[PDB]
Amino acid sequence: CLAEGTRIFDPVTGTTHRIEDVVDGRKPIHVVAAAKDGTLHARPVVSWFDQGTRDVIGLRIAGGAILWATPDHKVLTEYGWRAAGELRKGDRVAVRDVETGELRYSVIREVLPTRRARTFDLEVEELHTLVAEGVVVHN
């Protein structure tokens, strides 16, 4: 699950939304999804999930961005899909350039301790993945 505050980019409208607003408002946004072959595509959100309050850890990425997700949330990394909780400083995660939309890999600068927060999940059509805080994660 993803934490309240997690930002999601809609490649169709070009609008960035906070996930708690997308779920609470059942907003029909599109997200940038990643296929199995790595390619990125725009896909619609067809289901919204309020997962309640849970512990979320933070993955501070080179550049300054930070993803807050449950330790079991899957992230696309240089070694494939892996639970956020298994990732450590130095591991590289897949990130979408906010300027060019290009996919690159950046190192995790720091892994932060857990904190309490409302958490969410979304169902992305067909590919079941999305870009959160610029990072490619499972929906």
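All residue numbers refer to positions in the sequence shown, first residue = 1.
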On mean C-alpha B-factor from the PDB entry, just flag whether 24-32 or 94-102 is the higher one. 94-102
Which of the two stretches, 37-45 or 68-76, shows the higher mean Cα temperature factor in the record? 37-45
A62 - Cα temperature factor, lowest/middle/highest third of chain: highest
Would you mind ranking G85 by its C-alpha B-factor against the rest of the chain and naming the third, lowest, middle or highest? lowest
CA B-factor placement of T119, once the chain's modelled residues are sorted into thirds: middle
Going by the recorded CA B-factors, say which third of the chain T15 sits in, lowest, middle or highest. highest
